[PDB]
>>> print(open('structure.pdb').read())   # PDB, N, CA and C atoms
ATOM      1  N   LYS O   1      95.968 101.219 102.464  1.00  0.00           N
ATOM      2  CA  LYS O   1      96.836 102.105 101.656  1.00  0.00           C
ATOM      3  C   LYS O   1      97.575 103.113 102.549  1.00  0.00           C
ATOM      4  N   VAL O   2      98.899 103.160 102.472  1.00  0.00           N
ATOM      5  CA  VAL O   2      99.625 104.219 103.223  1.00  0.00           C
ATOM      6  C   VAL O   2      99.776 105.394 102.274  1.00  0.00           C
ATOM      7  N   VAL O   3      99.255 106.552 102.643  1.00  0.00           N
ATOM      8  CA  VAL O   3      99.276 107.704 101.711  1.00  0.00           C
ATOM      9  C   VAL O   3      99.917 108.911 102.354  1.00  0.00           C
ATOM     10  N   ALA O   4     100.576 109.731 101.553  1.00  0.00           N
ATOM     11  CA  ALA O   4     101.294 110.912 102.058  1.00  0.00           C
ATOM     12  C   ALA O   4     101.320 112.035 101.032  1.00  0.00           C
ATOM     13  N   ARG O   5     101.505 113.248 101.525  1.00  0.00           N
ATOM     14  CA  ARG O   5     101.605 114.429 100.655  1.00  0.00           C
ATOM     15  C   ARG O   5     103.043 114.517 100.158  1.00  0.00           C
ATOM     16  N   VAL O   6     103.211 114.779  98.876  1.00  0.00           N
ATOM     17  CA  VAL O   6     104.539 114.881  98.234  1.00  0.00           C
ATOM     18  C   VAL O   6     105.127 116.264  98.484  1.00  0.00           C
ATOM     19  N   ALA O   7     106.366 116.296  98.899  1.00  0.00           N
ATOM     20  CA  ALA O   7     107.119 117.526  99.066  1.00  0.00           C
ATOM     21  C   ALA O   7     108.411 117.418  98.260  1.00  0.00           C
ATOM     22  N   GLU O   8     108.964 118.567  97.930  1.00  0.00           N
ATOM     23  CA  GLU O   8     110.192 118.665  97.119  1.00  0.00           C
ATOM     24  C   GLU O   8     111.398 118.084  97.865  1.00  0.00           C
ATOM     25  N   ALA O   9     112.325 117.491  97.139  1.00  0.00           N
ATOM     26  CA  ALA O   9     113.571 117.046  97.751  1.00  0.00           C
ATOM     27  C   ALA O   9     114.400 118.230  98.249  1.00  0.00           C
ATOM     28  N   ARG O  10     115.066 118.036  99.384  1.00  0.00           N
ATOM     29  CA  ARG O  10     116.127 118.951  99.790  1.00  0.00           C
ATOM     30  C   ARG O  10     117.264 118.915  98.777  1.00  0.00           C
ATOM     31  N   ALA O  11     118.087 119.968  98.798  1.00  0.00           N
ATOM     32  CA  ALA O  11     119.152 120.131  97.809  1.00  0.00           C
ATOM     33  C   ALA O  11     120.064 118.908  97.746  1.00  0.00           C
ATOM     34  N   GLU O  12     120.504 118.425  98.910  1.00  0.00           N
ATOM     35  CA  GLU O  12     121.482 117.347  98.973  1.00  0.00           C
ATOM     36  C   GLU O  12     120.940 116.007  98.509  1.00  0.00           C
ATOM     37  N   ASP O  13     119.643 115.885  98.275  1.00  0.00           N
ATOM     38  CA  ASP O  13     119.064 114.632  97.815  1.00  0.00           C
ATOM     39  C   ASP O  13     118.701 114.651  96.332  1.00  0.00           C
ATOM     40  N   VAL O  14     118.852 115.798  95.667  1.00  0.00           N
ATOM     41  CA  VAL O  14     118.492 115.911  94.258  1.00  0.00           C
ATOM     42  C   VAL O  14     119.340 114.986  93.430  1.00  0.00           C
ATOM     43  N   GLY O  15     118.717 114.223  92.547  1.00  0.00           N
ATOM     44  CA  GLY O  15     119.421 113.290  91.712  1.00  0.00           C
ATOM     45  C   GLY O  15     119.433 111.886  92.250  1.00  0.00           C
ATOM     46  N   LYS O  16     119.034 111.699  93.500  1.00  0.00           N
ATOM     47  CA  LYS O  16     118.959 110.376  94.084  1.00  0.00           C
ATOM     48  C   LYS O  16     117.635 109.712  93.757  1.00  0.00           C
ATOM     49  N   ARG O  17     117.640 108.402  93.600  1.00  0.00           N
ATOM     50  CA  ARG O  17     116.407 107.618  93.368  1.00  0.00           C
ATOM     51  C   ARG O  17     115.958 107.172  94.758  1.00  0.00           C
ATOM     52  N   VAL O  18     115.482 108.133  95.515  1.00  0.00           N
ATOM     53  CA  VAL O  18     115.321 108.034  96.963  1.00  0.00           C
ATOM     54  C   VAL O  18     114.082 108.798  97.402  1.00  0.00           C
ATOM     55  N   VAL O  19     113.359 108.254  98.381  1.00  0.00           N
ATOM     56  CA  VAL O  19     112.262 108.959  99.021  1.00  0.00           C
ATOM     57  C   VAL O  19     112.526 109.024 100.524  1.00  0.00           C
ATOM     58  N   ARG O  20     112.278 110.189 101.117  1.00  0.00           N
ATOM     59  CA  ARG O  20     112.443 110.388 102.551  1.00  0.00           C
ATOM     60  C   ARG O  20     111.093 110.215 103.247  1.00  0.00           C
ATOM     61  N   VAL O  21     111.045 109.279 104.187  1.00  0.00           N
ATOM     62  CA  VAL O  21     109.852 108.860 104.919  1.00  0.00           C
ATOM     63  C   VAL O  21     110.237 108.787 106.397  1.00  0.00           C
ATOM     64  N   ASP O  22     109.447 109.409 107.279  1.00  0.00           N
ATOM     65  CA  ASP O  22     109.820 109.300 108.681  1.00  0.00           C
ATOM     66  C   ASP O  22     109.435 107.928 109.243  1.00  0.00           C
ATOM     67  N   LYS O  23     109.913 107.665 110.453  1.00  0.00           N
ATOM     68  CA  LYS O  23     109.730 106.383 111.161  1.00  0.00           C
ATOM     69  C   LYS O  23     108.264 105.952 111.184  1.00  0.00           C
ATOM     70  N   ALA O  24     107.357 106.869 111.458  1.00  0.00           N
ATOM     71  CA  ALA O  24     105.944 106.514 111.585  1.00  0.00           C
ATOM     72  C   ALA O  24     105.398 105.921 110.285  1.00  0.00           C
ATOM     73  N   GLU O  25     105.638 106.591 109.144  1.00  0.00           N
ATOM     74  CA  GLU O  25     105.161 106.017 107.891  1.00  0.00           C
ATOM     75  C   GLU O  25     105.954 104.787 107.475  1.00  0.00           C
ATOM     76  N   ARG O  26     107.237 104.699 107.826  1.00  0.00           N
ATOM     77  CA  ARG O  26     107.957 103.447 107.567  1.00  0.00           C
ATOM     78  C   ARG O  26     107.302 102.289 108.315  1.00  0.00           C
ATOM     79  N   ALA O  27     106.910 102.521 109.563  1.00  0.00           N
ATOM     80  CA  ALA O  27     106.239 101.484 110.343  1.00  0.00           C
ATOM     81  C   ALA O  27     104.886 101.128 109.735  1.00  0.00           C
ATOM     82  N   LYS O  28     104.173 102.121 109.194  1.00  0.00           N
ATOM     83  CA  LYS O  28     102.873 101.810 108.618  1.00  0.00           C
ATOM     84  C   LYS O  28     103.030 101.038 107.327  1.00  0.00           C
ATOM     85  N   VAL O  29     104.015 101.407 106.515  1.00  0.00           N
ATOM     86  CA  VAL O  29     104.271 100.638 105.304  1.00  0.00           C
ATOM     87  C   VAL O  29     104.858  99.273 105.660  1.00  0.00           C
ATOM     88  N   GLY O  30     105.609  99.187 106.761  1.00  0.00           N
ATOM     89  CA  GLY O  30     106.266  97.949 107.151  1.00  0.00           C
ATOM     90  C   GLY O  30     107.593  97.766 106.438  1.00  0.00           C
ATOM     91  N   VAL O  31     108.367  98.844 106.315  1.00  0.00           N
ATOM     92  CA  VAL O  31     109.668  98.780 105.664  1.00  0.00           C
ATOM     93  C   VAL O  31     110.686  99.391 106.604  1.00  0.00           C
ATOM     94  N   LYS O  32     111.942  99.063 106.374  1.00  0.00           N
ATOM     95  CA  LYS O  32     113.023  99.742 107.064  1.00  0.00           C
ATOM     96  C   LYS O  32     113.818 100.592 106.087  1.00  0.00           C
ATOM     97  N   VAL O  33     114.596 101.503 106.661  1.00  0.00           N
ATOM     98  CA  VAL O  33     115.504 102.332 105.890  1.00  0.00           C
ATOM     99  C   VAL O  33     116.345 101.467 104.953  1.00  0.00           C
ATOM    100  N   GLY O  34     116.398 101.854 103.682  1.00  0.00           N
ATOM    101  CA  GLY O  34     117.126 101.108 102.680  1.00  0.00           C
ATOM    102  C   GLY O  34     116.275 100.133 101.895  1.00  0.00           C
ATOM    103  N   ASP O  35     115.075  99.820 102.382  1.00  0.00           N
ATOM    104  CA  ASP O  35     114.175  99.015 101.579  1.00  0.00           C
ATOM    105  C   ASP O  35     113.721  99.787 100.344  1.00  0.00           C
ATOM    106  N   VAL O  36     113.222  99.041  99.380  1.00  0.00           N
ATOM    107  CA  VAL O  36     112.667  99.600  98.158  1.00  0.00           C
ATOM    108  C   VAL O  36     111.156  99.667  98.328  1.00  0.00           C
ATOM    109  N   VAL O  37     110.564 100.810  97.988  1.00  0.00           N
ATOM    110  CA  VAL O  37     109.116 100.967  97.979  1.00  0.00           C
ATOM    111  C   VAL O  37     108.672 101.456  96.608  1.00  0.00           C
ATOM    112  N   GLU O  38     107.384 101.285  96.347  1.00  0.00           N
ATOM    113  CA  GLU O  38     106.739 101.874  95.189  1.00  0.00           C
ATOM    114  C   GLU O  38     106.044 103.160  95.613  1.00  0.00           C
ATOM    115  N   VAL O  39     106.136 104.176  94.761  1.00  0.00           N
ATOM    116  CA  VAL O  39     105.422 105.430  94.936  1.00  0.00           C
ATOM    117  C   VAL O  39     104.472 105.572  93.764  1.00  0.00           C
ATOM    118  N   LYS O  40     103.194 105.608  94.058  1.00  0.00           N
ATOM    119  CA  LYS O  40     102.237 105.712  92.949  1.00  0.00           C
ATOM    120  C   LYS O  40     101.224 106.791  93.254  1.00  0.00           C
ATOM    121  N   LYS O  41     100.641 107.321  92.200  1.00  0.00           N
ATOM    122  CA  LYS O  41      99.618 108.363  92.326  1.00  0.00           C
ATOM    123  C   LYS O  41      98.338 107.689  92.801  1.00  0.00           C
ATOM    124  N   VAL O  42      97.575 108.377  93.611  1.00  0.00           N
ATOM    125  CA  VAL O  42      96.351 107.723  94.123  1.00  0.00           C
ATOM    126  C   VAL O  42      95.218 107.987  93.133  1.00  0.00           C
TER     127      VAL O  42
ATOM    128  N   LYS W   1     105.850 100.617  87.289  1.00  0.00           N
ATOM    129  CA  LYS W   1     106.034 100.859  88.737  1.00  0.00           C
ATOM    130  C   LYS W   1     107.171 101.863  88.985  1.00  0.00           C
ATOM    131  N   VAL W   2     106.900 102.946  89.703  1.00  0.00           N
ATOM    132  CA  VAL W   2     108.013 103.861  90.072  1.00  0.00           C
ATOM    133  C   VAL W   2     108.524 103.396  91.424  1.00  0.00           C
ATOM    134  N   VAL W   3     109.794 103.043  91.511  1.00  0.00           N
ATOM    135  CA  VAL W   3     110.321 102.477  92.776  1.00  0.00           C
ATOM    136  C   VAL W   3     111.526 103.252  93.257  1.00  0.00           C
ATOM    137  N   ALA W   4     111.701 103.327  94.565  1.00  0.00           N
ATOM    138  CA  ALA W   4     112.801 104.096  95.167  1.00  0.00           C
ATOM    139  C   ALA W   4     113.256 103.490  96.486  1.00  0.00           C
ATOM    140  N   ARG W   5     114.488 103.797  96.855  1.00  0.00           N
ATOM    141  CA  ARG W   5     115.053 103.328  98.130  1.00  0.00           C
ATOM    142  C   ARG W   5     114.590 104.287  99.220  1.00  0.00           C
ATOM    143  N   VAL W   6     114.160 103.744 100.342  1.00  0.00           N
ATOM    144  CA  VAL W   6     113.661 104.533 101.489  1.00  0.00           C
ATOM    145  C   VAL W   6     114.838 105.042 102.313  1.00  0.00           C
ATOM    146  N   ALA W   7     114.809 106.308 102.635  1.00  0.00           N
ATOM    147  CA  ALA W   7     115.781 106.929 103.518  1.00  0.00           C
ATOM    148  C   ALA W   7     115.032 107.620 104.654  1.00  0.00           C
ATOM    149  N   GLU W   8     115.736 107.820 105.750  1.00  0.00           N
ATOM    150  CA  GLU W   8     115.175 108.437 106.965  1.00  0.00           C
ATOM    151  C   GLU W   8     114.791 109.900 106.720  1.00  0.00           C
ATOM    152  N   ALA W   9     113.744 110.364 107.373  1.00  0.00           N
ATOM    153  CA  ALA W   9     113.402 111.781 107.312  1.00  0.00           C
ATOM    154  C   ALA W   9     114.479 112.640 107.973  1.00  0.00           C
ATOM    155  N   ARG W  10     114.724 113.812 107.393  1.00  0.00           N
ATOM    156  CA  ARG W  10     115.479 114.846 108.092  1.00  0.00           C
ATOM    157  C   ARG W  10     114.724 115.292 109.338  1.00  0.00           C
ATOM    158  N   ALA W  11     115.461 115.912 110.266  1.00  0.00           N
ATOM    159  CA  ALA W  11     114.901 116.292 111.563  1.00  0.00           C
ATOM    160  C   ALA W  11     113.641 117.141 111.414  1.00  0.00           C
ATOM    161  N   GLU W  12     113.701 118.161 110.554  1.00  0.00           N
ATOM    162  CA  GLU W  12     112.612 119.119 110.424  1.00  0.00           C
ATOM    163  C   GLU W  12     111.360 118.534 109.796  1.00  0.00           C
ATOM    164  N   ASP W  13     111.411 117.320 109.271  1.00  0.00           N
ATOM    165  CA  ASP W  13     110.242 116.698 108.668  1.00  0.00           C
ATOM    166  C   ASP W  13     109.618 115.619 109.550  1.00  0.00           C
ATOM    167  N   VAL W  14     110.242 115.304 110.686  1.00  0.00           N
ATOM    168  CA  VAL W  14     109.732 114.257 111.566  1.00  0.00           C
ATOM    169  C   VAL W  14     108.370 114.630 112.081  1.00  0.00           C
ATOM    170  N   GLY W  15     107.423 113.710 112.009  1.00  0.00           N
ATOM    171  CA  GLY W  15     106.081 113.958 112.456  1.00  0.00           C
ATOM    172  C   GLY W  15     105.143 114.368 111.354  1.00  0.00           C
ATOM    173  N   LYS W  16     105.670 114.693 110.182  1.00  0.00           N
ATOM    174  CA  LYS W  16     104.842 115.046 109.048  1.00  0.00           C
ATOM    175  C   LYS W  16     104.393 113.808 108.296  1.00  0.00           C
ATOM    176  N   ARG W  17     103.201 113.844 107.730  1.00  0.00           N
ATOM    177  CA  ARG W  17     102.677 112.743 106.893  1.00  0.00           C
ATOM    178  C   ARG W  17     103.061 113.120 105.464  1.00  0.00           C
ATOM    179  N   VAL W  18     104.343 113.023 105.197  1.00  0.00           N
ATOM    180  CA  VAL W  18     104.990 113.645 104.046  1.00  0.00           C
ATOM    181  C   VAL W  18     106.109 112.751 103.533  1.00  0.00           C
ATOM    182  N   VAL W  19     106.268 112.691 102.211  1.00  0.00           N
ATOM    183  CA  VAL W  19     107.405 112.027 101.594  1.00  0.00           C
ATOM    184  C   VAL W  19     108.130 113.024 100.694  1.00  0.00           C
ATOM    185  N   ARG W  20     109.459 113.020 100.759  1.00  0.00           N
ATOM    186  CA  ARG W  20     110.287 113.885  99.929  1.00  0.00           C
ATOM    187  C   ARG W  20     110.755 113.112  98.696  1.00  0.00           C
ATOM    188  N   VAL W  21     110.422 113.639  97.524  1.00  0.00           N
ATOM    189  CA  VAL W  21     110.665 113.040  96.214  1.00  0.00           C
ATOM    190  C   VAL W  21     111.237 114.139  95.319  1.00  0.00           C
ATOM    191  N   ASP W  22     112.356 113.869  94.637  1.00  0.00           N
ATOM    192  CA  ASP W  22     112.862 114.922  93.770  1.00  0.00           C
ATOM    193  C   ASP W  22     112.046 115.005  92.477  1.00  0.00           C
ATOM    194  N   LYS W  23     112.307 116.061  91.717  1.00  0.00           N
ATOM    195  CA  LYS W  23     111.595 116.383  90.465  1.00  0.00           C
ATOM    196  C   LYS W  23     111.544 115.185  89.518  1.00  0.00           C
ATOM    197  N   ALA W  24     112.644 114.476  89.361  1.00  0.00           N
ATOM    198  CA  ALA W  24     112.696 113.370  88.406  1.00  0.00           C
ATOM    199  C   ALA W  24     111.676 112.284  88.753  1.00  0.00           C
ATOM    200  N   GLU W  25     111.646 111.839  90.022  1.00  0.00           N
ATOM    201  CA  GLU W  25     110.651 110.833  90.379  1.00  0.00           C
ATOM    202  C   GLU W  25     109.239 111.400  90.418  1.00  0.00           C
ATOM    203  N   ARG W  26     109.068 112.681  90.745  1.00  0.00           N
ATOM    204  CA  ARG W  26     107.729 113.269  90.626  1.00  0.00           C
ATOM    205  C   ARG W  26     107.240 113.199  89.182  1.00  0.00           C
ATOM    206  N   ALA W  27     108.122 113.491  88.232  1.00  0.00           N
ATOM    207  CA  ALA W  27     107.755 113.415  86.820  1.00  0.00           C
ATOM    208  C   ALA W  27     107.438 111.980  86.412  1.00  0.00           C
ATOM    209  N   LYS W  28     108.169 111.007  86.964  1.00  0.00           N
ATOM    210  CA  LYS W  28     107.896 109.629  86.582  1.00  0.00           C
ATOM    211  C   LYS W  28     106.583 109.161  87.170  1.00  0.00           C
ATOM    212  N   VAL W  29     106.301 109.546  88.410  1.00  0.00           N
ATOM    213  CA  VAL W  29     105.009 109.204  88.991  1.00  0.00           C
ATOM    214  C   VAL W  29     103.898 110.006  88.315  1.00  0.00           C
ATOM    215  N   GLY W  30     104.200 111.224  87.856  1.00  0.00           N
ATOM    216  CA  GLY W  30     103.199 112.092  87.256  1.00  0.00           C
ATOM    217  C   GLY W  30     102.425 112.868  88.306  1.00  0.00           C
ATOM    218  N   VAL W  31     103.123 113.369  89.324  1.00  0.00           N
ATOM    219  CA  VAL W  31     102.485 114.145  90.379  1.00  0.00           C
ATOM    220  C   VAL W  31     103.248 115.444  90.523  1.00  0.00           C
ATOM    221  N   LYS W  32     102.598 116.423  91.122  1.00  0.00           N
ATOM    222  CA  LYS W  32     103.285 117.641  91.508  1.00  0.00           C
ATOM    223  C   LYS W  32     103.373 117.738  93.022  1.00  0.00           C
ATOM    224  N   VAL W  33     104.264 118.619  93.464  1.00  0.00           N
ATOM    225  CA  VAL W  33     104.410 118.919  94.876  1.00  0.00           C
ATOM    226  C   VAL W  33     103.047 119.226  95.496  1.00  0.00           C
ATOM    227  N   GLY W  34     102.752 118.579  96.619  1.00  0.00           N
ATOM    228  CA  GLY W  34     101.483 118.744  97.292  1.00  0.00           C
ATOM    229  C   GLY W  34     100.450 117.698  96.931  1.00  0.00           C
ATOM    230  N   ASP W  35     100.667 116.956  95.846  1.00  0.00           N
ATOM    231  CA  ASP W  35      99.781 115.844  95.561  1.00  0.00           C
ATOM    232  C   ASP W  35      99.936 114.751  96.614  1.00  0.00           C
ATOM    233  N   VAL W  36      98.939 113.892  96.667  1.00  0.00           N
ATOM    234  CA  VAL W  36      98.939 112.739  97.552  1.00  0.00           C
ATOM    235  C   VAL W  36      99.391 111.534  96.737  1.00  0.00           C
ATOM    236  N   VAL W  37     100.322 110.755  97.284  1.00  0.00           N
ATOM    237  CA  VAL W  37     100.750 109.505  96.673  1.00  0.00           C
ATOM    238  C   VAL W  37     100.597 108.375  97.680  1.00  0.00           C
ATOM    239  N   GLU W  38     100.591 107.158  97.154  1.00  0.00           N
ATOM    240  CA  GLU W  38     100.667 105.958  97.966  1.00  0.00           C
ATOM    241  C   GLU W  38     102.110 105.474  97.996  1.00  0.00           C
ATOM    242  N   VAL W  39     102.545 105.023  99.169  1.00  0.00           N
ATOM    243  CA  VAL W  39     103.844 104.397  99.350  1.00  0.00           C
ATOM    244  C   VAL W  39     103.596 102.969  99.793  1.00  0.00           C
ATOM    245  N   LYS W  40     104.033 102.031  98.987  1.00  0.00           N
ATOM    246  CA  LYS W  40     103.783 100.633  99.362  1.00  0.00           C
ATOM    247  C   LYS W  40     105.059  99.835  99.216  1.00  0.00           C
ATOM    248  N   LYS W  41     105.121  98.747  99.954  1.00  0.00           N
ATOM    249  CA  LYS W  41     106.281  97.851  99.910  1.00  0.00           C
ATOM    250  C   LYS W  41     106.202  97.066  98.608  1.00  0.00           C
ATOM    251  N   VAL W  42     107.336  96.776  98.024  1.00  0.00           N
ATOM    252  CA  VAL W  42     107.279  96.057  96.733  1.00  0.00           C
ATOM    253  C   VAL W  42     107.260  94.557  97.022  1.00  0.00           C
TER     254      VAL W  42
END
>>> encode(input="structure.pdb", output="structure tokens")
Amino acid sequence: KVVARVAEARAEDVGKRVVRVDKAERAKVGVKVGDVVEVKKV
Amino acid sequence: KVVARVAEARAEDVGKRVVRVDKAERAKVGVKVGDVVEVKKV
């Protein structure tokens, strides 16, 4: 399971159906920028 | 399933084990800021 702490969106991202993930967690999930991921409560 | 497109972290968030999610997707997942979520590939 790749897990992370949720933080608020920056102003310029409000309204987007988007999650910001740095390179390290993208590598752990095995996705690239622009891929679709699921975000679920643990 | 709550799903979203992955975008790169902003500079100031690099190195954090953190995902940025706006209010709308937090409400759909049913989490608040600071909660832990799972991010998985669909």
>>> residues_near_point(input="structure.pdb", point="(117.7, 102.4, 100.5)", cutoff="5 Å", atoms="only N, CA and C atoms", output="ChimeraX atom specification")
/O:33-35 /W:5-6
>>> resolve_selection(input="structure.pdb", expression="the PyMOL selection byres ((chain W) within 6 of (chain O))", output="ChimeraX atom specification")
/W:2-9,14,17-23,29,32-42
>>> write_last_selection(input="structure.pdb", atoms="N, CA and C atoms", output="mmCIF file, in the coordinates of the input")
data_model
loop_
_atom_site.group_PDB
_atom_site.id
_atom_site.type_symbol
_atom_site.label_atom_id
_atom_site.label_comp_id
_atom_site.auth_asym_id
_atom_site.auth_seq_id
_atom_site.Cartn_x
_atom_site.Cartn_y
_atom_site.Cartn_z
ATOM 1 N N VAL W 2 106.900 102.946 89.703
ATOM 2 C CA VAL W 2 108.013 103.861 90.072
ATOM 3 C C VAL W 2 108.524 103.396 91.424
ATOM 4 N N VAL W 3 109.794 103.043 91.511
ATOM 5 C CA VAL W 3 110.321 102.477 92.776
ATOM 6 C C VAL W 3 111.526 103.252 93.257
ATOM 7 N N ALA W 4 111.701 103.327 94.565
ATOM 8 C CA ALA W 4 112.801 104.096 95.167
ATOM 9 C C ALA W 4 113.256 103.490 96.486
ATOM 10 N N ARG W 5 114.488 103.797 96.855
ATOM 11 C CA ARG W 5 115.053 103.328 98.130
ATOM 12 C C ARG W 5 114.590 104.287 99.220
ATOM 13 N N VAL W 6 114.160 103.744 100.342
ATOM 14 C CA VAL W 6 113.661 104.533 101.489
ATOM 15 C C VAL W 6 114.838 105.042 102.313
ATOM 16 N N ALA W 7 114.809 106.308 102.635
ATOM 17 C CA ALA W 7 115.781 106.929 103.518
ATOM 18 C C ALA W 7 115.032 107.620 104.654
ATOM 19 N N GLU W 8 115.736 107.820 105.750
ATOM 20 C CA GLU W 8 115.175 108.437 106.965
ATOM 21 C C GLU W 8 114.791 109.900 106.720
ATOM 22 N N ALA W 9 113.744 110.364 107.373
ATOM 23 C CA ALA W 9 113.402 111.781 107.312
ATOM 24 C C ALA W 9 114.479 112.640 107.973
ATOM 25 N N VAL W 14 110.242 115.304 110.686
ATOM 26 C CA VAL W 14 109.732 114.257 111.566
ATOM 27 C C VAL W 14 108.370 114.630 112.081
ATOM 28 N N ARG W 17 103.201 113.844 107.730
ATOM 29 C CA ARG W 17 102.677 112.743 106.893
ATOM 30 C C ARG W 17 103.061 113.120 105.464
ATOM 31 N N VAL W 18 104.343 113.023 105.197
ATOM 32 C CA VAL W 18 104.990 113.645 104.046
ATOM 33 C C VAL W 18 106.109 112.751 103.533
ATOM 34 N N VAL W 19 106.268 112.691 102.211
ATOM 35 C CA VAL W 19 107.405 112.027 101.594
ATOM 36 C C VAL W 19 108.130 113.024 100.694
ATOM 37 N N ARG W 20 109.459 113.020 100.759
ATOM 38 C CA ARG W 20 110.287 113.885 99.929
ATOM 39 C C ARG W 20 110.755 113.112 98.696
ATOM 40 N N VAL W 21 110.422 113.639 97.524
ATOM 41 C CA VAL W 21 110.665 113.040 96.214
ATOM 42 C C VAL W 21 111.237 114.139 95.319
ATOM 43 N N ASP W 22 112.356 113.869 94.637
ATOM 44 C CA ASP W 22 112.862 114.922 93.770
ATOM 45 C C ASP W 22 112.046 115.005 92.477
ATOM 46 N N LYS W 23 112.307 116.061 91.717
ATOM 47 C CA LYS W 23 111.595 116.383 90.465
ATOM 48 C C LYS W 23 111.544 115.185 89.518
ATOM 49 N N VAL W 29 106.301 109.546 88.410
ATOM 50 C CA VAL W 29 105.009 109.204 88.991
ATOM 51 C C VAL W 29 103.898 110.006 88.315
ATOM 52 N N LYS W 32 102.598 116.423 91.122
ATOM 53 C CA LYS W 32 103.285 117.641 91.508
ATOM 54 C C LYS W 32 103.373 117.738 93.022
ATOM 55 N N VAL W 33 104.264 118.619 93.464
ATOM 56 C CA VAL W 33 104.410 118.919 94.876
ATOM 57 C C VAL W 33 103.047 119.226 95.496
ATOM 58 N N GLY W 34 102.752 118.579 96.619
ATOM 59 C CA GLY W 34 101.483 118.744 97.292
ATOM 60 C C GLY W 34 100.450 117.698 96.931
ATOM 61 N N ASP W 35 100.667 116.956 95.846
ATOM 62 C CA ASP W 35 99.781 115.844 95.561
ATOM 63 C C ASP W 35 99.936 114.751 96.614
ATOM 64 N N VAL W 36 98.939 113.892 96.667
ATOM 65 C CA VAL W 36 98.939 112.739 97.552
ATOM 66 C C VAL W 36 99.391 111.534 96.737
ATOM 67 N N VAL W 37 100.322 110.755 97.284
ATOM 68 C CA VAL W 37 100.750 109.505 96.673
ATOM 69 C C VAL W 37 100.597 108.375 97.680
ATOM 70 N N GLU W 38 100.591 107.158 97.154
ATOM 71 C CA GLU W 38 100.667 105.958 97.966
ATOM 72 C C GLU W 38 102.110 105.474 97.996
ATOM 73 N N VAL W 39 102.545 105.023 99.169
ATOM 74 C CA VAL W 39 103.844 104.397 99.350
ATOM 75 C C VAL W 39 103.596 102.969 99.793
ATOM 76 N N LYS W 40 104.033 102.031 98.987
ATOM 77 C CA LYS W 40 103.783 100.633 99.362
ATOM 78 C C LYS W 40 105.059 99.835 99.216
ATOM 79 N N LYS W 41 105.121 98.747 99.954
ATOM 80 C CA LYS W 41 106.281 97.851 99.910
ATOM 81 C C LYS W 41 106.202 97.066 98.608
ATOM 82 N N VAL W 42 107.336 96.776 98.024
ATOM 83 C CA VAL W 42 107.279 96.057 96.733
ATOM 84 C C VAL W 42 107.260 94.557 97.022
#
>>> select_by_dssp(input="structure.pdb", residues="chain W", states="helix (DSSP H, G or I)", output="list in words")
residues 11, 12, 13, 23, 24, 25, 26, 27, 28 and 29 of chain W
>>> select_by_dssp(input="structure.pdb", residues="chain W", states="strand (DSSP E or B)", output="PyMOL selection string")
chain W and resi 3-8+18-21+36-41
>>> axis_aligned_box(input="structure.pdb", around="range 16-35 of chain W", padding_each_side="5 Å", output="AutoDock Vina command-line options")
--center_x 106.3 --center_y 114.2 --center_z 98.3 --size_x 23.1 --size_y 20.1 --size_z 33.8
>>> build_atoms(input="structure.pdb", residues="range 7-15 of chain W", atoms="N, CA, C and O atoms", output="compact mmCIF listing (two decimals), in the coordinates of the input")
# COMPACT_ATOMS: atom_id res chain seq x y z
N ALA W 7 114.81 106.31 102.64
CA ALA W 7 115.78 106.93 103.52
C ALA W 7 115.03 107.62 104.65
O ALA W 7 113.85 107.96 104.53
N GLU W 8 115.74 107.82 105.75
CA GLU W 8 115.18 108.44 106.96
C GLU W 8 114.79 109.90 106.72
O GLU W 8 115.41 110.55 105.92
N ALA W 9 113.74 110.36 107.37
CA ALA W 9 113.40 111.78 107.31
C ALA W 9 114.48 112.64 107.97
O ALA W 9 115.06 112.26 108.99
N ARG W 10 114.72 113.81 107.39
CA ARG W 10 115.48 114.85 108.09
C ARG W 10 114.72 115.29 109.34
O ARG W 10 113.50 115.13 109.44
N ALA W 11 115.46 115.91 110.27
CA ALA W 11 114.90 116.29 111.56
C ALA W 11 113.64 117.14 111.41
O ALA W 11 112.61 116.87 112.06
N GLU W 12 113.70 118.16 110.55
CA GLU W 12 112.61 119.12 110.42
C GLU W 12 111.36 118.53 109.80
O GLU W 12 110.33 119.21 109.79
N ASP W 13 111.41 117.32 109.27
CA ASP W 13 110.24 116.70 108.67
C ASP W 13 109.62 115.62 109.55
O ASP W 13 108.56 115.08 109.20
N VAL W 14 110.24 115.30 110.69
CA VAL W 14 109.73 114.26 111.57
C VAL W 14 108.37 114.63 112.08
O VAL W 14 108.14 115.76 112.56
N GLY W 15 107.42 113.71 112.01
CA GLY W 15 106.08 113.96 112.46
C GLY W 15 105.14 114.37 111.35
O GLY W 15 103.92 114.37 111.56
